[PDB]
Amino acid sequence: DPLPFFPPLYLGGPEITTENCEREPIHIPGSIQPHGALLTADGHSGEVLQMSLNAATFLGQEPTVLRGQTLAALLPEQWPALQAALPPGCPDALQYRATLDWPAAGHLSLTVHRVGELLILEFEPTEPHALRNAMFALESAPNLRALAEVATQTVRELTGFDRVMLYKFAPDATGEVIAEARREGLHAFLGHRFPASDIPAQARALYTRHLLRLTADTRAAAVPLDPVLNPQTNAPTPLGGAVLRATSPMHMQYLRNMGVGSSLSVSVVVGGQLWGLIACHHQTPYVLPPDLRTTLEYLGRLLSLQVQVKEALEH
Amino acid sequence: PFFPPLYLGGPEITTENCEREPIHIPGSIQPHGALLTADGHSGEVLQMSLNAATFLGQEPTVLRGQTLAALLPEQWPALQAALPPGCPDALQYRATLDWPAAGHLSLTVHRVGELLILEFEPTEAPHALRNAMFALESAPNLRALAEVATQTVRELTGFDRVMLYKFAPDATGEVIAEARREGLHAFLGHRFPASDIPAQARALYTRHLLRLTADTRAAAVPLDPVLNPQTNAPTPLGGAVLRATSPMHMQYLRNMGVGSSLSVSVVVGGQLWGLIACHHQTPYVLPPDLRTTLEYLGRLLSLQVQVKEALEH
Ligand SMILES: *C/C=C1/C(=C/c2[nH]c(/C=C3[NH+]=C(/C=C4\NC(=O)C(C=C)=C4C)C(C)=C\3CCC(=O)O)c(CCC(=O)O)c2C)NC(=O)[C@H]1C
Ligand SMILES: *C/C=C1/C(=C/c2[nH]c(/C=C3[NH+]=C(/C=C4\NC(=O)C(C=C)=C4C)C(C)=C\3CCC(=O)O)c(CCC(=O)O)c2C)NC(=O)[C@H]1C
């Protein structure tokens, strides 16, 4: 039965069990994963409102100094570019990316998107023809099976992940591993099927709009935003568009129970519906840098197109 | 059918037989790169472009005996695996060579039956592609998508004019969006007949998705031999981007005052929906890595055109 979200934990909401699976508000956890930092800022003035508690250590500045400046002063070269790329009223799915040379922290990748009157800024550390070669190989795959196999093998070669699966949704939202590339010694999940609440309904809707999400370390504690609520609204900060957002502890426990230290996936979206997932597992924690993740994002789109094409060749 | 090519004493092309020109077998290439053909098994260099000596820095005869194994040691096994016998002519493999005579070359290979076609071009060596991809996806409708696409391509390439050209059901064309330098005519809104991109050219554009004329006044460079030794027949160059451009089509770029051109096919439901069409007033060799960006954009636009057309119908 579909039911509306519970309030999050920090607003006195209940804790999450196998009973109320589908009512965790996973998009507003009030916290992020510790391998990057996040700031929120007023979309018109550029006043800095919220920051992750670890921000001082990524950005090399005291909180009170950060919060006491506008983005115009903090990001003089990027602030006008942000404002042109992310105009008021734009969708929350639109992202702008730049690379910064920050004194204390080396090269940072900056990813920005806009939710209403809020700008959300994510900072992460950042670092030949493999993509072009893959694009052509995907297109020349003769059928859906060969496409799925080429796609899994390519992603594994690009990333070094211990396990890469193509996970397809059935009409009842059960899923099934239809191809996989895996490290020697791992057991096969190929052909296994798994029940529909394994990826509950409120996450499949979010996976149709925001096409990539990851857990870099399934044992890492989440880092709170400070303050936790958006001071504009005294309400929760929407983080469904932020790859840094903390992952639910109900999902983190499952990966732990499977022996997974790191988990990523790209959505494959066909005709406006979530067709499947390029799912990746690593047994140890593992951070895939932003520019490599971009390659996977591009492959997500290519695969969406090629899945349509291969399936049309099939009636 | 097709007329024989000129160099096999076929008729010269007119505006009376626009549909029968063998645009795929001209026997020559554009001079900003070099092409070798080679045997699929032996790696034996069978044809070369008369200009190969320039790019490769090799005494002419040296090449036309040697083997790819010898000539490209690191690459030759990769090719063997990347382009297995029986693969499609559409499948391409690329690498960057740090080659003694020329700082860096791009190498592009595909296979047509028993022949490997190798293309060499000068090359080199950020977020504009990722930023463009998200911009295309958030365009609210087909019109805005067209506008974003043309603007994005112009910004990435510096081309004097970038259009989105859309085919009607009878192959009548229509510039539905345009991004252009100040002080050019505006082709926005105009339509042009179905003969302006003939039938056999649209068929090839359905399979091989990117083509360009780098300099509309440059002479083609012959293949030597012109005929493939294997077959004593013309080498199919349809999948080569260095392939010499129809003289009928450069005469039309010249009459328009264009010195450089490039298009990307937008393919939807197995059919040619339209092209991203770029103009430059002067000669312009777009480097391979930037062309790759446009090739990606072509696929992304193909996806988004279907998405956007579905939310009208
Ligand atoms: C009572 C709640 C439950 C629950 C919560 C939950 N699950 C997800 C997301 C995922 N669950 C997946 C399950 C699988 N992992 C595998 O490896 C396989 C098969 C080989 C299956 C069936 C997967 C793949 C996901 C997607 C995440 C990813 O791939 O990286 C969420 C959403 C997480 C978020 O947005 O933060 C939630 C809340 N899962 C359950 O099984 C029940 C106990
Ligand atoms: C007697 C035949 C004619 C002919 C031949 C021809 N045309 C092409 C390909 C193209 N023709 C195009 C025509 C236009 N260029 C424009 O800028 C506009 C409108 C603003 C039109 C209508 C275009 C765009 C192409 C695509 C090629 C490209 O974009 O670079 C070919 C094939 C060339 C090849 O494969 O190398 C041929 C043989 N064109 C005519 O107009 C008639 C007279």
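Quick note on labels: first sequence line is chain A, next is B, and so on, each numbered from 1. We use all heavy atoms of the structure for the numbers below, so side chains are in, but hydrogens, waters and symmetry mates are not. Every number for a ligand or one of its atoms is a count from 1 in the order of the listing.
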Original post:
Do you see a donor-acceptor pair shorter than 3.5 Å between the side chains of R213(A) and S267(A)?
Top reply: yes
**OP:** Go through ligand 2 atom by atom and flag the ones less than 4.0 Å from a non-hydrogen atom of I23(B).
**Re:** 35 (O), 38 (C)
Original post:
Do any non-hydrogen protein atoms sit less than 4.0 Å from atom 28 (C) of ligand 2?
Top reply: yes
**OP:** Between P198(B) and ligand 2, find which residue part has any heavy-atom pair under 4.0 Å and reply side chain, backbone, both or neither.
**Re:** side chain
Original post:
Do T235(B) and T37(B) have a side chain donor and acceptor closer than 3.5 Å?
Top reply: no
Subject >> Shortest protein contact, atom 42 (C) of ligand 2 (heavy atom only) >> reply: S195(B) O, 3.8 Å
**OP:** Taking atom types as modelled, find out whether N255(B) and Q251(B) have a side-chain donor-acceptor pair closer than 3.5 angstrom.
**Re:** yes
Original post:
Is it true that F189(A) and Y167(A) have ring centroids separated by less than 6.0 Å?
Top reply: no
Original post:
With no hydrogens and no angle check, is any side-chain donor or acceptor of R161(B) less than 3.5 Å from a backbone partner on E178(B)?
Top reply: no
Original post:
Who gets closest to atom 25 (C) of ligand 2 by heavy atom: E19(B), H24(B), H249(B)?
Top reply: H249(B)
Subject >> Which of the ligand 1 atoms, numbered from 1, are nearer than 4.0 Å to a heavy atom of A203(A) >> reply: 32 (C)
**OP:** State if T14(B) counts as touching ligand 2 under the rule of any non-hydrogen atom under 4.0 Å.
**Re:** yes
**OP:** State whether a side-chain donor-acceptor pair under 3.5 Å links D89(B) with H208(B).
**Re:** yes
**OP:** Would you please determine whether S248(A) falls within less than 4.0 Å of ligand 1 on a heavy-atom basis?
**Re:** yes
Original post:
Between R243(B), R191(B), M248(B), which one has a non-hydrogen atom sitting closest to atom 35 (O) of ligand 2?
Top reply: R243(B)
Original post:
Under 30°, 30 to 60°, or over 60°: which ring-plane class applies to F2(B) and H24(B), parallel, tilted or perpendicular?
Top reply: tilted
Original post:
When you measure from atom 23 (C) of ligand 2 to each heavy atom in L212(B), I197(B), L237(B), which option holds the nearest one?
Top reply: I197(B)
**OP:** Taking the side chain as every heavy atom from C-beta outward, state whether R209(A) and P91(A) have any pair of such atoms under 4.5 Å apart.
**Re:** yes
**OP:** For the pair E174(B) and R191(B), find out whether any cationic side-chain nitrogen is under 4.0 Å from an anionic carboxylate oxygen.
**Re:** yes
**OP:** Return yes when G173(B) approaches ligand 2 closer than 4.0 angstrom through a heavy atom, no otherwise.
**Re:** no
**OP:** Would you mind listing which atoms of ligand 1 come within a distance below 4.0 Å of any non-hydrogen atom of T247(A)?
**Re:** 36 (O)
Subject >> Any side-chain donor near an acceptor of the partner, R182(A) and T152(A), under 3.5 Å >> reply: no
Original post:
Nearest protein heavy atom to atom 7 (N) of ligand 1, by residue and atom, and its distance?
Top reply: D198(A) O, 3.3 Å
Subject >> Sub-4.0 Å heavy-atom contact, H281(A) with ligand 1 >> reply: yes
**OP:** For atom 16 (C) of ligand 2, grab the closest protein heavy atom and report residue, atom and distance to one decimal in Å.
**Re:** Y252(B) OH, 3.7 Å
Subject >> Atoms of ligand 1 close to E24(A) [distance to a heavy atom under 4.0 angstrom, numbered from 1] >> reply: 38 (C)
**OP:** Would you mind running through ligand 1 and noting each atom that sits below 4.0 Å from a heavy atom of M165(A)?
**Re:** 20 (C)
Original post:
Can you check whether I26(A) reaches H251(A) side chain to side chain, under 4.5 Å on heavy atoms?
Top reply: no
Original post:
So, are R145(A) and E149(A) salt-bridged, with charged N and O less than 4.0 Å apart?
Top reply: yes
Original post:
Nearest to atom 33 (C) of ligand 2 by heavy atom, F192(B), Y205(B), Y165(B), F187(B): which?
Top reply: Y205(B)
**OP:** Considering the heavy atoms of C21(A), write down every atom of ligand 1 situated less than 4.0 Å from one of them.
**Re:** 1 (C), 2 (C), 3 (C), 42 (C)
Original post:
Looking only at heavy atoms, is any part of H192(A) under 4.0 Å from ligand 1, and if so is it the side chain, the backbone, or both, or is it neither?
Top reply: neither
